[PDB]
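Asks: Pasting an experimental structure, sequence included:
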Amino acid sequence: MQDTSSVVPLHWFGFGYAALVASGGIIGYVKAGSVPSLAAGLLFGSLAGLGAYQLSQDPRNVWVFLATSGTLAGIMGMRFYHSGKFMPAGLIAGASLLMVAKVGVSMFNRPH
């Protein structure tokens, strides 16, 4: 049993695909280290998520997102957000794979 998209909407889908092309693109040839690029991802990162649903793009929509996640998340505390399926990409999964690879072969050092 599989549904179109658990959550990842179409639009997003397009953003992820194009984001992958560009991502892997620069991140590829360049590999990484992008100080400005990465920094751009951080800024636009939070602004993207928050802005997308917080306060930046349309006061109404955002508001709709405030009440939406307000109650949805309200049920719980701290944050409580999906993170158990690793069907698509895998947050905890992939992440774990990242950290693993990090400790494996990559400039990394535990938070001493």
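Replies: Yes, it's here. Numbering: from 1, shown residues only.

Asks: contacting residues around residue 8?
Replies: Shown in contact with residue 8 (Cβ atoms under 8 Å, 6 or more residues apart in numbering): 16, 88. Every C-beta, even on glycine, is put in place using the N, C-alpha and C of the backbone.

Asks: Use 239 as the first number from now on
Replies: Right, with 239 as the first residue, what we last looked at is residue 246.

Asks: Check the secondary structure at it for me.
Replies: What DSSP: H, G, I helix; E, B strand; the rest coil gives for residue 246 is coil.

Asks: With residue 281 instead?
Replies: helix.

Asks: Next one: it from residue 298, what distance?
Replies: 24 Å (Cβ to Cβ, to the nearest Å).

Asks: What's the local residue count around the spatially closest residue to residue 318 that is not a sequence neighbour?
Replies: Nearest residue to residue 318, sequence neighbours excluded (Cβ to Cβ, 6 or more residues apart in numbering): residue 311, at 6.1 Å. Residue 311: 13 surrounding residues under other Cβ atoms under 10 Å.
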